[PDB]
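Taking the entry's author numbering, I'd label the letters of the sequence shown as residues 1112 to 1148, 1173 to 1581.
Input: a single structure, listed below in structure tokens.
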Amino acid sequence: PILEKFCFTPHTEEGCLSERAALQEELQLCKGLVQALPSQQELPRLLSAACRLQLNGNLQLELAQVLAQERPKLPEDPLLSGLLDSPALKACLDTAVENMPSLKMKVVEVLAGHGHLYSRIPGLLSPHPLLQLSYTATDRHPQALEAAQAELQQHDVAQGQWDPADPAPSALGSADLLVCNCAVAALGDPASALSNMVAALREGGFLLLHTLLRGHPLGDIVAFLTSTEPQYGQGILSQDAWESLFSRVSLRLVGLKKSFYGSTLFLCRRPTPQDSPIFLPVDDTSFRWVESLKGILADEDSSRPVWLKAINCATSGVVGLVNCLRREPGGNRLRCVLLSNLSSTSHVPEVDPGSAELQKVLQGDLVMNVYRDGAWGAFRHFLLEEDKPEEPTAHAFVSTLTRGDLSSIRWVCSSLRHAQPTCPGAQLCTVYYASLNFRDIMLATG
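Printed below as a string of structure tokens:
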């Protein structure tokens, strides 16, 4: 069975990867070397080599190239791929999948030779039972990404040629999702590349982009390096710079995951032609609103969206309802707004048509909009840790979890936690030593 946990996921999250230490240890190392101009990780090794040749006046050419660094191992650095391995990527991908008129998705990557998102994105989407995907990897040069063709082939991927700077080829056409990963790969120009991408993106699609932020420690550190390659330096921009660039191309930011070490993960959605949105209270306890929705949804000729809003209870189950109706005919229009707050103290916003927050969410145009304790997000599915849980217990017994596998023997919590000591026939006894007999071995071996 596929085991997952249904948890709230705020749209914007900052300081995502604070819990990890290896990332923090790497950051402490990196800042140490940079100070005044030591580990198995690639980026610290590169910094050490760069500072080794010269303490001052380091050559740009020498630090650009060195043995053990010419491999595209920069993404392999735990700092570089911290957010991709974190559940932020899954959250963004699930948000992209949910907001889709059909049940088929078309995603085209750019600069996959260095982005290496093809090796991670398709796997995260296996849990979806019915979703059918089309993944294609595009790069400027045919030899680029010529390696690992077995990795590409084992997944239903398609080769490409598109250069972000120049216009997109028609083969890609109107796609649902565009993954860039500018953090490691080098774009020709922010403005031009984004303009071409949004030109390729269908009406109402998404643009998932991963990049390192200027004005932050790691961003500045990478800025100091890579001085030989100007394109890479172009990709690194301040957060406000990225936000300003986004508006210029008529693209609206719906999601933004920000790691503590400066990394960011944007999710931008192409606006769809605006239309007058219907509104329907769905909080009546007699279900009389069902008739209204039945009539409203009946007129399939109309294309106006329907916004079921429940603001009178935190236990309204509109999420499952919109999930179910979206599969039914006419369900491409359904959208939700739910105010579920778990704390009495926390305030309740106003979702009046004139209100500003309703305007913001409408600009977003996202199916699920849940407001839980001062933040907007939606419920998302995350695979839970495989390791079995444990706890301290004075009572526990040895048991072979997998019959006939001596390597499966482990201590398990015993029922002797609950017992009565008064009964003379009970006589609970502590165990200091226990013996093994032929019978025990026969049971263990199976």
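Where a beta carbon is used, it is the ideal one built from N, C-alpha and C, also for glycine.
Check whether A1133 and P1213 have beta carbons under 7 Å apart: yes
Proximal residues to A1185 (C-beta, below 8 Å), its chain only, five neighbours per side dropped: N1193, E1197, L1198, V1201 and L1360
Nearest-angstrom beta carbon gap, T1271 and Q1296 [assumed within contact, 8 Å]: In fact, because the Cβ distance is near 10 Å, the residues do not count as touching under 8 Å.
Pairwise C-alpha distance: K1208 and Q1374: Approximately 25 Å between the Cα atoms of the pair.
Sequence-distant residues of the same chain with beta carbon closer than 7 Å to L1347, five excluded per side: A1318, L1353, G1354, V1357, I1371, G1397 and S1398
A1147, buried or exposed, once every other Cβ within 10 Å from all chains shown has been counted against 16: exposed
Contiguous beta strand (DSSP E) assignments of at least 3 residues, all confined to the segment 1406–1433: Counting only runs of 3+ residues, the beta strand (DSSP E) found wholly inside the segment 1406–1433 occupies 1413–1416, in chain order.
The segment 1478–1498 contacting the segment 1415–1425, beta-carbon criterion three pairs below 8 Å: no
Nearest candidate by alpha-carbon position, reference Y1367, set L1456, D1436, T1580 and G1250: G1250
Environment of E1115 [buried if 16+ CB atoms lie within 10 Å]: Under the 10 Å beta carbon count, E1115 is surrounded by fewer than 16 other beta carbons and is classified as exposed.
Coil, strand or helix - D1324 by DSSP: coil
Under the three-state DSSP convention, the category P1121 falls into: strand
Residues near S1534 in its chain [Cβ-Cβ closer than 6 Å; skip 5 each side]: The answer, listed in chain order, is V1547.
Endpoints, beta strand (DSSP E) assigned at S1398: That run of the beta strand (DSSP E) goes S1398 to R1404.
Cβ pair count under 8 Å reaching 3, the segment 1323–1334 against the segment 1304–1311: no
The beta strand (DSSP E) enclosing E1244, as first and last residue numbers: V1242 to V1245
Selection from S1549, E1130, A1510 and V1472 that minimises the alpha carbon distance to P1527: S1549
Alpha-carbon spacing of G1339 relative to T1537, whole angstroms: Those two C-alpha atoms are separated by around 50 Å.
The segment 1408–1415 in contact with the segment 1386–1396 per 3-pair CB rule at 8 Å: no
Same chain, Cβ closer than 7 Å to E1233, five either side skipped, listed in chain order: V1502 and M1503
Coarse secondary structure for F1514, derived from DSSP in three states: strand
Residues of its chain near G1466, where Cβ-Cβ distance is below 6 Å and the 5 sequence neighbours each way are ignored: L1460
Cβ-based neighbour list, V1292, same chain, cut-off 8 Å, excluding 5 preceding and 5 following: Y1253, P1257, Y1270, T1271 and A1272
Short Cβ contact (7 Å threshold) for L1144 with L1182: yes
Residue burial classification, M1577 (beta-carbon count within 10 angstroms, cutoff 16): exposed
Opposing strand residues paired with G1126 [DSSP bridges]: Per DSSP, none; premise fails for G1126.
Host alpha helix (DSSP H) of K1142 (start-end): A1133 to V1145
Delimiting residues of the beta strand (DSSP E) encompassing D1375: Not the beta strand (DSSP E): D1375 falls in the alpha helix (DSSP H), residues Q1374 to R1383.
Beta carbon of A1579 nearer than 7 Å to that of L1541: yes
The segment 1510–1523 / the segment 1117–1132 touching (three or more Cβ pairs under 8 Å): yes
For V1314, the nearest candidate out of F1341, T1230, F1517 and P1222 (CA to CA): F1341
6 Å Cβ shell around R1404 - same chain, five flanking residues per side excluded: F1341, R1387 and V1389
Range covered by the beta strand (DSSP E) that runs through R1470: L1469 to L1474
Option in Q1284, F1119, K1392 and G1248 with minimal Cα separation from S1129: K1392
Limits of the alpha helix (DSSP H) - the one that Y1367 falls within: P1365 to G1370
Buried/exposed call for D1500, threshold 16 Cβ in 10 Å: buried
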